[PDB]
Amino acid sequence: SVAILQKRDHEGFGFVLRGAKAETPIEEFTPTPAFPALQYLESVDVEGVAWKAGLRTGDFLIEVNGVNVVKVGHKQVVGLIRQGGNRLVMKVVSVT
């Protein structure tokens, strides 16, 4: 699924991202329905932006503003998220 999140300057997106460190993308990790990406949503705050848009705990992060991040390290994914400012387009997969 794709979520288009728009937050105000003064709030967060309301999710906690978790996943592999790497600094440089690595490598031939092959996504599978059971582990579709290196980064996922450890939690989502009720009444937060992500939750209102339907993102849920456990969702795996596939794309950030059009860029595939399945094999990308955590620092770099955070950087890409910050680059977009108050707008964030996320593609995710629910392993549920």
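Residue positions are given as counts along the sequence shown, with the first one as 1.
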Q) Taking the other compared entries of this protein, do a third or more of them lack coordinates for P25? A) yes
**Q.** Per the entry, higher mean C-alpha B factor between 76-84 and 7-15
**A.** 7-15
Q. If you average the Cα B factors in the entry, which is higher, 24-32 or 39-47?
A. 24-32
Q. If you rank every modelled residue in this chain by C-alpha B factor, which third holds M90: lowest, middle or highest?
A. middle
